[PDB]
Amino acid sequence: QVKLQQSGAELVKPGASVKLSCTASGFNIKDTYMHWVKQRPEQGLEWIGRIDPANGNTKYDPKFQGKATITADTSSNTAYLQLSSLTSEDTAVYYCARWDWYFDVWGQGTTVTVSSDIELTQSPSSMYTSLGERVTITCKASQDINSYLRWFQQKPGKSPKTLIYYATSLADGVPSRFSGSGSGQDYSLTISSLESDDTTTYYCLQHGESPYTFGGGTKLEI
């Protein structure tokens, strides 16, 4: 029953403000970093920032500073995200998450609809695969330090799940079929016999230097 309940789908006019919330259960946020991620309608993940709720210190991707403000209230166990001067480019799903070795958890997400630096390269952008084929996706950076790279799998309409930690270690409960390799700047995710449960979008995330950054993603299709 470990969880992050995200509070509220919203519809607002250009120029308005919205403040979202993320209340946790099963753990105290004061004991963690609380991260916020943005994902545009047919686009990829973007790290906004994190907050350390015990002392309120925050860290952002400089492009969001001034537009998005992370706040946290430990008595309520709740972290917040305030977005200002909303535009067409802000229409997205916003997740909160707790990232920790083998303890990643994400909220269900919250849709905001506006109505009127390390580089991660993912190859292929999209691909068609078959029923028992060997699939290898890659992720190339600009010196990730030793292996601070996560592999996430996202299905249409769901929060991303972590499959691999520290580049090559399988998450708990992940099928044998999946595996990760590399160190340095060059990483890969391989699925030996593609199973039918594997159709989704795969993302790599570097957490080696701050601002945490995501590859553009790989949509696998059966």
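One rule holds for the numbers: they count along the sequence shown, beginning at 1.
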Seminar exercise, completed: Going from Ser116 to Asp117, the deposited residues skipped in the model number 10 or more
Seminar exercise, completed: Once average C-alpha B-factors are taken from the entry for 121-129 and 101-109, the winner is 121-129
Seminar exercise, completed: With B-factors read from the PDB entry, the higher C-alpha mean of 61-69 and 29-37 is in 61-69
Exercise. In this PDB entry, which of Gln154, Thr168, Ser192, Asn55 has the top CA B-factor?
Worked result: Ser192
Exercise. Of the choices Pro175, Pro160, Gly184, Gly49, which one's C-alpha carries the largest B-factor in the record?
Worked result: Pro175
Problem set entry | B-factor third for the C-alpha atom of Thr78 within its chain | lowest
For this session: Place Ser17 in the lowest, middle or highest third of its chain's C-alpha B-factors, as listed in the PDB entry.
Result: lowest
Problem set entry | Lowest, middle or highest third - CA B-factor, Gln143 | highest
Exercise. Of the three thirds of its chain by CA temperature factor, lowest, middle or highest, which one includes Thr136?
Worked result: highest
Seminar exercise, completed: For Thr199, the third of its chain by CA B-factor is the highest
